[PDB]
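Quick setup: one chain, the form deposited without the DNA, written in structure tokens, and binding and motion questions come after.
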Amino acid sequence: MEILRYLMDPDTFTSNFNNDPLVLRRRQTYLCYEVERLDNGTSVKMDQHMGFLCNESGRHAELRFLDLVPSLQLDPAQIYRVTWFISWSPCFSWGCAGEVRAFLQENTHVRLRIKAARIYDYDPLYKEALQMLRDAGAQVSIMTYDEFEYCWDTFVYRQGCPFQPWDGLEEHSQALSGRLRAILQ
């Protein structure tokens, strides 16, 4: 879904990206993506390569992004930074980490930056997933206030309304980042 055509409902964003542990949004993932062409030491933003995806009929959003990479028309002679703002860290047991790993092996012109709102520890191999992504070249981190507000401002039908932080955004982000950094050693 291209933000040029459709922006995300605000409550869809809040419901899915809130990082409070006691709220349980296990059913869905929202993956906001953007692309930049790394040109000789500079980032060239590609405004049309921006959108968001959710799981659809059992197909995880991470696989659906890989599905559309061909339509992005990336030049394999160039270099690109793909950034994911994703509500859940990619999974291992349903294939996302392996598929993303394979994509990065055979698409070396792409560098993946994954910023996750929450760790998907419902997957018993969530740690194996994070390590496989790191070992594949992806830089994985936890979203902070800065990332949440950027996604609000970029991907949401907010109508000039500024980002309204949920309670404890900062505390949960710190704890999640400490967990992630420990996992990735």
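Under this definition, the rigid core comprises the largest set of C-alpha atoms superposing within 1.5 Å between the forms. A residue's number is simply how far along the shown sequence it sits, counting from 1.
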Taking the root mean square of C-alpha distances over all structures and residues in 4 other deposited structures of this protein, with a rigid core superposition, name the larger of 20-28 and 162-170. 20-28
Farther-lying stretch by C-alpha RMS in 4 other deposited structures of this protein (rigid core fit) among 105-113, 88-96: 88-96
Mean Cα B-factor comparison, 23-31 or 145-153, giving the higher one as deposited: 23-31
Highest mean C-alpha temperature factor of the two stretches 135-143 and 35-43, which is it? 35-43
Based on the PDB record, which member of 74, 82, 96, 86 exhibits the highest Cα temperature factor? 74
Reading the B-factor column of the entry, which of 64, 118, 49, 127 has the highest value at its C-alpha atom? 49
Please place residue 181 in the lowest, middle or highest third of its chain according to the CA B-factor in the PDB entry. lowest
State the tercile, meaning the lowest, middle or highest third, of residue 14 with respect to the CA B-factors recorded for its chain. middle
Would you mind ranking residue 114 by its C-alpha B-factor against the rest of the chain and naming the third, lowest, middle or highest? lowest
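Keep in mind that the form solved in complex with the DNA is missing from the display, and what follows is about it.
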Spot the stretch among 154-162, 134-142, 44-52, 112-120 with residues whose non-hydrogen atoms come within 4.5 Å of the DNA in the entry with it bound. 112-120
If you check 104, 82, 91, 74 against the DNA in the entry with it bound, which one has a heavy atom within 4.5 Å? 91
Look up in the entry with it bound whether residue 60 has a non-hydrogen atom within 4.5 angstroms of the DNA, and give yes or no. yes
